Every structure is written in structure tokens, then in C-alpha cells.
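**Q** What follows is protein-v7.pdb; its format and atoms are PDB, C-alpha atoms.
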```
ATOM      1  CA  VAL A  71     -28.920 -18.692 -55.293
ATOM      2  CA  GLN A  72     -28.289 -20.203 -58.723
ATOM      3  CA  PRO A  73     -29.466 -23.440 -60.372
ATOM      4  CA  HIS A  74     -26.272 -25.397 -59.661
ATOM      5  CA  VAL A  75     -25.094 -24.085 -56.256
ATOM      6  CA  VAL A  76     -26.903 -22.560 -53.279
ATOM      7  CA  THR A  77     -25.107 -20.649 -50.527
ATOM      8  CA  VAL A  78     -26.391 -18.145 -47.963
ATOM      9  CA  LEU A  79     -23.939 -16.227 -45.771
ATOM     10  CA  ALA A  80     -24.977 -14.935 -42.342
ATOM     11  CA  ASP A  81     -23.164 -12.879 -39.718
ATOM     12  CA  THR A  82     -25.114 -14.551 -36.892
ATOM     13  CA  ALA A  83     -27.105 -17.714 -37.554
ATOM     14  CA  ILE A  84     -28.666 -20.524 -35.523
ATOM     15  CA  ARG A  85     -31.634 -22.876 -35.799
ATOM     16  CA  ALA A  86     -34.733 -20.737 -35.224
ATOM     17  CA  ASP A  87     -36.904 -22.962 -33.058
ATOM     18  CA  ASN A  88     -38.425 -19.663 -31.865
ATOM     19  CA  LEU A  89     -38.643 -16.050 -33.008
ATOM     20  CA  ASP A  90     -35.937 -15.253 -30.419
ATOM     21  CA  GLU A  91     -32.589 -16.840 -29.542
ATOM     22  CA  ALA A  92     -31.393 -14.768 -26.564
ATOM     23  CA  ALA A  93     -32.699 -17.354 -24.084
ATOM     24  CA  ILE A  94     -30.526 -19.972 -25.829
ATOM     25  CA  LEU A  95     -27.435 -17.816 -26.340
ATOM     26  CA  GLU A  96     -27.456 -16.788 -22.665
ATOM     27  CA  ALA A  97     -26.559 -20.364 -21.706
ATOM     28  CA  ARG A  98     -23.455 -20.181 -23.904
ATOM     29  CA  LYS A  99     -22.664 -16.766 -22.419
ATOM     30  CA  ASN A 100     -22.887 -18.216 -18.904
ATOM     31  CA  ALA A 101     -20.678 -21.152 -19.894
ATOM     32  CA  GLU A 102     -18.046 -18.850 -21.408
ATOM     33  CA  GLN A 103     -18.047 -16.463 -18.443
ATOM     34  CA  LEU A 104     -17.795 -19.345 -15.969
ATOM     35  CA  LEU A 105     -14.965 -21.000 -17.896
ATOM     36  CA  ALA A 106     -13.055 -17.711 -18.072
ATOM     37  CA  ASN A 107     -13.483 -17.039 -14.345
ATOM     38  CA  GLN A 108     -12.482 -20.578 -13.350
ATOM     39  CA  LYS A 109      -9.482 -20.481 -15.697
ATOM     40  CA  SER A 110      -8.283 -17.192 -14.200
ATOM     41  CA  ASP A 111      -8.715 -18.592 -10.683
ATOM     42  CA  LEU A 112      -6.845 -21.791 -11.564
ATOM     43  CA  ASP A 113      -3.970 -19.913 -13.204
ATOM     44  CA  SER A 114      -3.601 -17.500 -10.283
ATOM     45  CA  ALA A 115      -3.782 -20.175  -7.578
ATOM     46  CA  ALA A 116      -1.491 -22.612  -9.396
ATOM     47  CA  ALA A 117       1.230 -20.098 -10.292
ATOM     48  CA  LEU A 118       1.377 -16.941  -8.193
ATOM     49  CA  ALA A 119       1.107 -18.443  -4.710
ATOM     50  CA  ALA A 120       2.937 -21.718  -5.351
ATOM     51  CA  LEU A 121       6.036 -20.463  -7.173
ATOM     52  CA  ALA A 122       6.520 -17.600  -4.705
ATOM     53  CA  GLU A 123       6.102 -19.996  -1.773
ATOM     54  CA  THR A 124       8.751 -22.310  -3.228
ATOM     55  CA  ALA A 125      11.124 -19.398  -3.902
ATOM     56  CA  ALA A 126      10.466 -17.857  -0.467
ATOM     57  CA  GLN A 127      13.350 -19.364   1.528
ATOM     58  CA  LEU A 128      16.378 -21.083  -0.035
ATOM     59  CA  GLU A 129      19.533 -19.111   0.878
ATOM     60  CA  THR A 130      19.604 -19.632   4.659
ATOM     61  CA  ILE A 131      20.432 -23.273   3.875
ATOM     62  CA  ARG A 132      22.911 -22.679   1.051
ATOM     63  CA  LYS A 133      24.892 -20.254   3.225
ATOM     64  CA  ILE A 134      25.403 -22.923   5.919
ATOM     65  CA  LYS A 135      26.556 -25.903   3.824
ATOM     66  CA  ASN A 136      30.144 -25.890   5.140
ATOM     67  CA  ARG A 137      29.165 -25.316   8.786
ATOM     68  CA  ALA A 138      30.539 -27.745  11.366
ATOM     69  CA  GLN A 139      28.710 -26.328  14.428
TER      70      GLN A 139
ATOM     71  CA  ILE B 387       2.939   7.794  22.307
ATOM     72  CA  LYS B 388       0.576   5.103  23.598
ATOM     73  CA  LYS B 389      -2.319   6.798  21.801
ATOM     74  CA  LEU B 390      -0.289   7.246  18.607
ATOM     75  CA  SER B 391       1.617   3.975  18.049
ATOM     76  CA  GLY B 392      -1.441   1.950  16.987
ATOM     77  CA  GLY B 393      -1.469   3.296  13.442
ATOM     78  CA  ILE B 394       2.204   2.438  12.976
ATOM     79  CA  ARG B 395       1.562  -1.073  14.294
ATOM     80  CA  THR B 396      -1.417  -1.785  12.038
ATOM     81  CA  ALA B 397       0.189  -0.240   8.941
ATOM     82  CA  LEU B 398       3.342  -2.318   9.358
ATOM     83  CA  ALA B 399       1.308  -5.490   9.944
ATOM     84  CA  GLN B 400      -0.823  -4.921   6.836
ATOM     85  CA  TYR B 401       2.324  -4.319   4.793
ATOM     86  CA  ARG B 402       3.829  -7.530   6.193
ATOM     87  CA  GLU B 403       0.730  -9.493   5.151
ATOM     88  CA  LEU B 404       1.597  -9.182   1.423
ATOM     89  CA  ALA B 405       5.324  -9.932   1.233
ATOM     90  CA  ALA B 406       5.025 -12.626  -1.453
ATOM     91  CA  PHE B 407       3.338 -10.420  -4.073
ATOM     92  CA  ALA B 408       5.751  -7.485  -3.779
ATOM     93  CA  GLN B 409       7.399  -8.606  -7.039
ATOM     94  CA  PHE B 410       4.027  -9.099  -8.793
ATOM     95  CA  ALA B 411       2.555  -5.619  -8.331
ATOM     96  CA  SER B 412       1.115  -5.809 -11.857
ATOM     97  CA  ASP B 413      -1.255  -8.598 -10.749
ATOM     98  CA  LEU B 414      -2.753  -7.254  -7.526
ATOM     99  CA  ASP B 415      -5.876  -5.541  -6.232
ATOM    100  CA  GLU B 416      -5.895  -1.743  -6.157
ATOM    101  CA  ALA B 417      -6.691  -1.681  -2.430
ATOM    102  CA  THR B 418      -3.792  -4.079  -1.869
ATOM    103  CA  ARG B 419      -1.679  -1.681  -3.940
ATOM    104  CA  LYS B 420      -2.644   1.205  -1.641
ATOM    105  CA  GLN B 421      -1.796  -0.869   1.439
ATOM    106  CA  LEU B 422       1.573  -1.636  -0.164
ATOM    107  CA  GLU B 423       2.060   2.092  -0.763
ATOM    108  CA  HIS B 424       1.337   3.062   2.842
ATOM    109  CA  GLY B 425       3.524   0.249   4.166
ATOM    110  CA  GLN B 426       6.402   1.447   1.993
ATOM    111  CA  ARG B 427       5.916   5.004   3.261
ATOM    112  CA  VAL B 428       5.997   3.842   6.888
ATOM    113  CA  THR B 429       9.058   1.660   6.270
ATOM    114  CA  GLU B 430      10.858   4.648   4.747
ATOM    115  CA  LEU B 431       9.785   6.822   7.688
ATOM    116  CA  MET B 432      11.188   4.361  10.228
ATOM    117  CA  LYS B 433      14.818   5.112   9.260
ATOM    118  CA  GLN B 434      17.136   7.216  11.416
ATOM    119  CA  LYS B 435      20.756   8.376  11.587
ATOM    120  CA  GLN B 436      23.373   7.826  14.313
ATOM    121  CA  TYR B 437      24.088  10.034  17.345
ATOM    122  CA  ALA B 438      20.821  11.894  16.638
ATOM    123  CA  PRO B 439      18.394  11.026  19.447
ATOM    124  CA  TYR B 440      14.756  12.100  19.299
ATOM    125  CA  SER B 441      12.778  13.616  22.137
ATOM    126  CA  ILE B 442       9.203  12.422  22.630
ATOM    127  CA  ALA B 443       7.856  15.564  20.944
ATOM    128  CA  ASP B 444       9.676  14.789  17.685
ATOM    129  CA  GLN B 445       8.373  11.216  17.569
ATOM    130  CA  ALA B 446       4.866  12.425  18.420
ATOM    131  CA  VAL B 447       4.887  15.026  15.638
ATOM    132  CA  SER B 448       6.278  12.616  13.042
ATOM    133  CA  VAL B 449       3.883   9.795  13.961
ATOM    134  CA  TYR B 450       0.862  12.111  13.968
ATOM    135  CA  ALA B 451       1.867  13.465  10.557
ATOM    136  CA  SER B 452       2.220   9.909   9.238
ATOM    137  CA  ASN B 453      -1.068   8.673  10.719
ATOM    138  CA  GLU B 454      -3.453  11.209   9.176
ATOM    139  CA  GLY B 455      -2.102  10.810   5.634
ATOM    140  CA  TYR B 456      -0.104  14.024   5.217
ATOM    141  CA  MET B 457       2.852  11.913   4.031
ATOM    142  CA  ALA B 458       0.918  10.102   1.280
ATOM    143  CA  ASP B 459       1.333  12.842  -1.355
ATOM    144  CA  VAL B 460       5.149  12.673  -1.466
ATOM    145  CA  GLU B 461       7.188   9.965  -3.161
ATOM    146  CA  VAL B 462       8.910   7.107  -1.348
ATOM    147  CA  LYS B 463      12.141   9.069  -1.658
ATOM    148  CA  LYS B 464      12.565  12.490   0.009
ATOM    149  CA  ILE B 465      10.581  11.173   3.005
ATOM    150  CA  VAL B 466      13.596  11.529   5.309
ATOM    151  CA  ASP B 467      14.214  15.074   4.052
ATOM    152  CA  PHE B 468      10.546  15.949   4.608
ATOM    153  CA  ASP B 469      10.675  14.541   8.147
ATOM    154  CA  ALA B 470      13.885  16.399   9.001
ATOM    155  CA  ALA B 471      12.582  19.684   7.572
ATOM    156  CA  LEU B 472       9.293  19.411   9.467
ATOM    157  CA  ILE B 473      11.051  18.573  12.741
ATOM    158  CA  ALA B 474      13.517  21.440  12.296
ATOM    159  CA  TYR B 475      10.692  23.893  11.559
ATOM    160  CA  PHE B 476       8.697  22.758  14.597
ATOM    161  CA  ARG B 477      11.719  23.076  16.882
ATOM    162  CA  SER B 478      12.591  26.442  15.318
ATOM    163  CA  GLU B 479       9.300  28.291  15.836
ATOM    164  CA  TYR B 480       7.180  26.189  18.220
ATOM    165  CA  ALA B 481       9.373  26.126  21.332
ATOM    166  CA  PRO B 482       6.627  26.335  24.027
ATOM    167  CA  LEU B 483       4.575  23.469  22.594
ATOM    168  CA  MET B 484       7.664  21.274  22.251
ATOM    169  CA  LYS B 485       8.757  22.049  25.813
ATOM    170  CA  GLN B 486       5.282  21.270  27.163
ATOM    171  CA  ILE B 487       5.085  17.944  25.314
ATOM    172  CA  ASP B 488       8.622  17.024  26.400
ATOM    173  CA  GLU B 489       8.073  17.829  30.077
ATOM    174  CA  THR B 490       4.483  16.580  30.530
ATOM    175  CA  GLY B 491       3.573  14.153  27.745
ATOM    176  CA  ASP B 492      -0.166  14.857  27.886
ATOM    177  CA  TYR B 493      -2.608  14.571  24.985
ATOM    178  CA  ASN B 494      -5.912  16.433  24.649
ATOM    179  CA  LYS B 495      -7.960  18.292  22.045
ATOM    180  CA  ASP B 496      -5.961  21.528  22.348
ATOM    181  CA  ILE B 497      -2.626  19.743  21.852
ATOM    182  CA  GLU B 498      -3.942  17.826  18.837
ATOM    183  CA  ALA B 499      -5.350  21.019  17.315
ATOM    184  CA  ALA B 500      -2.064  22.888  17.785
ATOM    185  CA  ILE B 501      -0.062  20.008  16.290
ATOM    186  CA  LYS B 502      -2.411  19.814  13.299
ATOM    187  CA  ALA B 503      -2.190  23.584  12.822
ATOM    188  CA  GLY B 504       1.605  23.436  12.802
ATOM    189  CA  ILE B 505       1.708  20.477  10.413
ATOM    190  CA  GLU B 506      -0.746  22.125   8.012
ATOM    191  CA  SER B 507       1.264  25.354   8.194
ATOM    192  CA  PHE B 508       4.363  23.384   7.192
ATOM    193  CA  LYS B 509       2.567  21.510   4.400
ATOM    194  CA  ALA B 510       2.475  24.724   2.350
ATOM    195  CA  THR B 511       4.439  28.002   2.508
ATOM    196  CA  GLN B 512       7.668  26.033   3.057
ATOM    197  CA  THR B 513      10.227  23.849   1.299
ATOM    198  CA  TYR B 514      11.834  20.495   2.053
TER     199      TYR B 514
END
```
Reformat the file's structure so that it appears as C-alpha cells.
**A**
Amino acid sequence: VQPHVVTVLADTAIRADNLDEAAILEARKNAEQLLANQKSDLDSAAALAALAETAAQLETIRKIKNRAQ
Amino acid sequence: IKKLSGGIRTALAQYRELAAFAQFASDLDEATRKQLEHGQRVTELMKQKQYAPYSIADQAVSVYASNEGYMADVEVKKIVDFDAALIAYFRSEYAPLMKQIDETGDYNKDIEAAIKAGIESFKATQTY
């Protein structure tokens, strides 16, 4: 603090409506954990299954292009 | 053989259930990884040469060794050498048991105990 400028630095800071903030920060923790879990699920489902399923079977058709039966 | 083939069937089916993720072993469950391992071991075991027929005793011994997990401590390679060495040992020193299994085909506690004793005797004190 000094007469022209005032600045206070804090490692962890939030509006202290109560003497504790764990009950408020737990909501953010739940949101972050849920977003991470859903993002992992979405990435896995969108990529791993789908791309492998598309790449599963393509050569049995390419090998028979010139067939006349 | 009827009593023994169930483990081979289920192991091969469980290995077949995860064909897509064989190339993505990094992203898989550890239990799924173990099922992949056992399926690979069985698939390696299933190989055979030409003009080398097996009597029922040889198949019984090999399948029993595979079923109880004695083959899970070796690598995917050398499995054929291990199988051949075990079969040769069993035919070399266990003639009466092999003859009895070949001529009768029965399965009871005594036969299972003798087969396990022979397999465990091979597991150590011998080479591939």
C-alpha cells in the first residue's frame, strides 16, 4: 500500500461471504471433473470406434474391381 | 477332449471380441490387455507343422497346460518350441500314461493329478 497506488497479491482469493469457501469451490471442482470425464468419453467414442469401424473392411472390394463373374 | 476344449473356445471368443483395438493397445483397459495377451498365446499355440499328426494324449496335455496358465509366463515367441519340448518329454518318460490315455480316453482325478505332476516337473529342471 502507498498513497498513490494500492495493490494486494494473493495466491488464492475469492469473495469471502463466509469464513470458509470449500462449499463454493466444490461446485467448480464438480464442474471441472464432469467436463473432463465427458470430454474423454466424447473423444473416445467419436474417434476410436468410428475410425476403426470405417477402416475395418475396404480391400475385399478393391481386389474385385476388374471381376466379370 | 470334451472336458478340455471349453477353455480354448472361450479364450478364442474373448480374443475375437476386441479385434478393432488391437492397434490401439496404448488406450485400453488392463483387463482387456490381459485378455488380449491370453488370446495371443492361444493363437500362437494353435499352430502346427505338416505330416506331424497328434494323438489324443498330446492334444490333451497341451490343452491342459494352456488352460491352467502354465503358458502365461513365456513370451509369444518360443511357444511352439515349449510345446514341442513338453510333448517330447512326456512321450519320452511317461509311456504308460500316454498309452492309457490313447487307448481309453478317460478323465478322472488320478489322471488329472498325474498330468499336472508331469507338467510341473517339466516346468522346472528342464530346457526348451
**Q** The ChimeraX specification (/A :<12) & /B on the file shown: which residues, as a PyMOL selection string?
**A** chain B and resi 404-414
**Q** Using all atoms listed in the file, pick whichever of B:444, B:469, B:454, B:461 has the shortest atom-to-atom distance to residue 387 (chain B).
**A** B:444
**Q** With only C-alpha atoms as the counted atoms, please give the residues lying no more than 12 Å from residue 480 (chain B), apart from itself and same-chain residues fewer than 2 positions off, as a PyMOL selection string.
**A** chain B and resi 443-444+447+472-478+482-487+500-501+503-505+507-508
**Q** To one decimal place in Å, what is the distance between CA of residue 494 (chain B) and CA of residue 424 (chain B)?
**A**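 One can read the CA of residue 494 (chain B) to CA of residue 424 (chain B) distance as 26.6 Å.
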**Q** Please determine an axis-aligned box that encloses all atoms of region 99-118 of chain A listed in the file, with 4 Å added on each side, and express its centre and edge lengths in Å to one decimal as JSON.
**A**
```
{"center_x": -10.8, "center_y": -19.5, "center_z": -15.0, "size_x": 32.3, "size_y": 14.1, "size_z": 22.8}
```
**Q** Step by step, work through what the PyMOL selection byres ((chain B and resi 462-466) around 7) selects in the shown file, and finish by giving those residues as a compact mmCIF listing (two decimals) with C-alpha atoms, keeping the file's coordinate frame.
**A**
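Written file, result.txt:
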```txt
# COMPACT_ATOMS: atom_id res chain seq x y z
CA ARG B 427 5.92 5.00 3.26
CA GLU B 430 10.86 4.65 4.75
CA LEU B 431 9.78 6.82 7.69
CA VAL B 460 5.15 12.67 -1.47
CA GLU B 461 7.19 9.96 -3.16
CA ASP B 467 14.21 15.07 4.05
CA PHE B 468 10.55 15.95 4.61
CA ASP B 469 10.68 14.54 8.15
CA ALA B 470 13.88 16.40 9.00
```
**Q** Have a look at CA of residue 95 (chain A) and CA of residue 80 (chain A) and let me know their distance in Å, one decimal.
**A** 16.4 Å
**Q** One number please: CA of residue 419 (chain B) to CA of residue 457 (chain B), in Å, one decimal.
**A** 16.4 Å
**Q** Decode the PyMOL selection byres ((chain B and resi 446) around 10) for the given file into explicit residues and return them as a list in words.
**A**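 For this structure, the PyMOL selection byres ((chain B and resi 446) around 10) resolves to residues 387, 388, 389, 390, 391, 440, 441, 442, 443, 444, 445, 447, 448, 449, 450, 451, 452, 487, 488, 491 and 501 of chain B.
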**Q** Grab the residues selected above and save them as a PDB file, in the coordinates of the input with C-alpha atoms.
**A**
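Generated output (again-v9.pdb):
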```pdb
ATOM      1  CA  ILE B 387       2.939   7.794  22.307  1.00  0.00           C
ATOM      2  CA  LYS B 388       0.576   5.103  23.598  1.00  0.00           C
ATOM      3  CA  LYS B 389      -2.319   6.798  21.801  1.00  0.00           C
ATOM      4  CA  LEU B 390      -0.289   7.246  18.607  1.00  0.00           C
ATOM      5  CA  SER B 391       1.617   3.975  18.049  1.00  0.00           C
ATOM      6  CA  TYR B 440      14.756  12.100  19.299  1.00  0.00           C
ATOM      7  CA  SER B 441      12.778  13.616  22.137  1.00  0.00           C
ATOM      8  CA  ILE B 442       9.203  12.422  22.630  1.00  0.00           C
ATOM      9  CA  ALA B 443       7.856  15.564  20.944  1.00  0.00           C
ATOM     10  CA  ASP B 444       9.676  14.789  17.685  1.00  0.00           C
ATOM     11  CA  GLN B 445       8.373  11.216  17.569  1.00  0.00           C
ATOM     12  CA  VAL B 447       4.887  15.026  15.638  1.00  0.00           C
ATOM     13  CA  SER B 448       6.278  12.616  13.042  1.00  0.00           C
ATOM     14  CA  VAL B 449       3.883   9.795  13.961  1.00  0.00           C
ATOM     15  CA  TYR B 450       0.862  12.111  13.968  1.00  0.00           C
ATOM     16  CA  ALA B 451       1.867  13.465  10.557  1.00  0.00           C
ATOM     17  CA  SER B 452       2.220   9.909   9.238  1.00  0.00           C
ATOM     18  CA  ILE B 487       5.085  17.944  25.314  1.00  0.00           C
ATOM     19  CA  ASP B 488       8.622  17.024  26.400  1.00  0.00           C
ATOM     20  CA  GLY B 491       3.573  14.153  27.745  1.00  0.00           C
ATOM     21  CA  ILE B 501      -0.062  20.008  16.290  1.00  0.00           C
TER      22      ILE B 501
END
```
**Q** Since the input is missing atoms, can you rebuild N, CA and C atoms for region 477-497 of chain B and write them as an mmCIF file, in the frame of the given file?
**A**
```cif
data_model
loop_
_atom_site.group_PDB
_atom_site.id
_atom_site.type_symbol
_atom_site.label_atom_id
_atom_site.label_comp_id
_atom_site.auth_asym_id
_atom_site.auth_seq_id
_atom_site.Cartn_x
_atom_site.Cartn_y
_atom_site.Cartn_z
ATOM 1 N N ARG B 477 10.818 22.676 15.808
ATOM 2 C CA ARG B 477 11.719 23.076 16.882
ATOM 3 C C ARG B 477 12.136 24.536 16.751
ATOM 4 N N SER B 478 12.121 25.079 15.532
ATOM 5 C CA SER B 478 12.591 26.442 15.318
ATOM 6 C C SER B 478 11.573 27.483 15.764
ATOM 7 N N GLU B 479 10.280 27.258 15.513
ATOM 8 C CA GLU B 479 9.300 28.291 15.836
ATOM 9 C C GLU B 479 8.254 27.884 16.867
ATOM 10 N N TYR B 480 8.224 26.625 17.299
ATOM 11 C CA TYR B 480 7.180 26.189 18.220
ATOM 12 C C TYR B 480 7.773 25.717 19.541
ATOM 13 N N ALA B 481 8.683 26.514 20.102
ATOM 14 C CA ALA B 481 9.373 26.126 21.332
ATOM 15 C C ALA B 481 8.439 25.817 22.499
ATOM 16 N N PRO B 482 7.436 26.645 22.832
ATOM 17 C CA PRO B 482 6.627 26.335 24.027
ATOM 18 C C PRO B 482 5.869 25.024 23.928
ATOM 19 N N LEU B 483 5.287 24.730 22.764
ATOM 20 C CA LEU B 483 4.575 23.469 22.594
ATOM 21 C C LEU B 483 5.517 22.283 22.746
ATOM 22 N N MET B 484 6.701 22.362 22.134
ATOM 23 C CA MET B 484 7.664 21.274 22.251
ATOM 24 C C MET B 484 8.102 21.079 23.695
ATOM 25 N N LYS B 485 8.353 22.175 24.416
ATOM 26 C CA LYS B 485 8.757 22.049 25.813
ATOM 27 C C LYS B 485 7.647 21.420 26.645
ATOM 28 N N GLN B 486 6.397 21.823 26.401
ATOM 29 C CA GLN B 486 5.282 21.270 27.163
ATOM 30 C C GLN B 486 5.125 19.777 26.901
ATOM 31 N N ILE B 487 5.195 19.367 25.632
ATOM 32 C CA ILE B 487 5.085 17.944 25.314
ATOM 33 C C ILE B 487 6.246 17.165 25.923
ATOM 34 N N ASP B 488 7.460 17.719 25.854
ATOM 35 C CA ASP B 488 8.622 17.024 26.400
ATOM 36 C C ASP B 488 8.520 16.851 27.910
ATOM 37 N N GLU B 489 8.052 17.878 28.621
ATOM 38 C CA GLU B 489 8.073 17.829 30.077
ATOM 39 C C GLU B 489 6.844 17.164 30.684
ATOM 40 N N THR B 490 5.698 17.189 30.002
ATOM 41 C CA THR B 490 4.483 16.580 30.530
ATOM 42 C C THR B 490 4.122 15.288 29.810
ATOM 43 N N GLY B 491 3.987 15.325 28.488
ATOM 44 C CA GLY B 491 3.573 14.153 27.745
ATOM 45 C C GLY B 491 2.080 13.939 27.673
ATOM 46 N N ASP B 492 1.282 14.976 27.913
ATOM 47 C CA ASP B 492 -0.166 14.857 27.886
ATOM 48 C C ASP B 492 -0.684 14.903 26.449
ATOM 49 N N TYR B 493 -1.968 14.588 26.299
ATOM 50 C CA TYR B 493 -2.608 14.571 24.985
ATOM 51 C C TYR B 493 -4.080 14.908 25.174
ATOM 52 N N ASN B 494 -4.520 16.012 24.578
ATOM 53 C CA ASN B 494 -5.912 16.433 24.649
ATOM 54 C C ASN B 494 -6.276 17.109 23.332
ATOM 55 N N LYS B 495 -7.481 17.681 23.281
ATOM 56 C CA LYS B 495 -7.960 18.292 22.045
ATOM 57 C C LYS B 495 -7.124 19.508 21.660
ATOM 58 N N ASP B 496 -6.749 20.334 22.640
ATOM 59 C CA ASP B 496 -5.961 21.528 22.348
ATOM 60 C C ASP B 496 -4.601 21.161 21.761
ATOM 61 N N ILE B 497 -3.935 20.162 22.345
ATOM 62 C CA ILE B 497 -2.626 19.743 21.852
ATOM 63 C C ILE B 497 -2.737 19.206 20.431
#
```
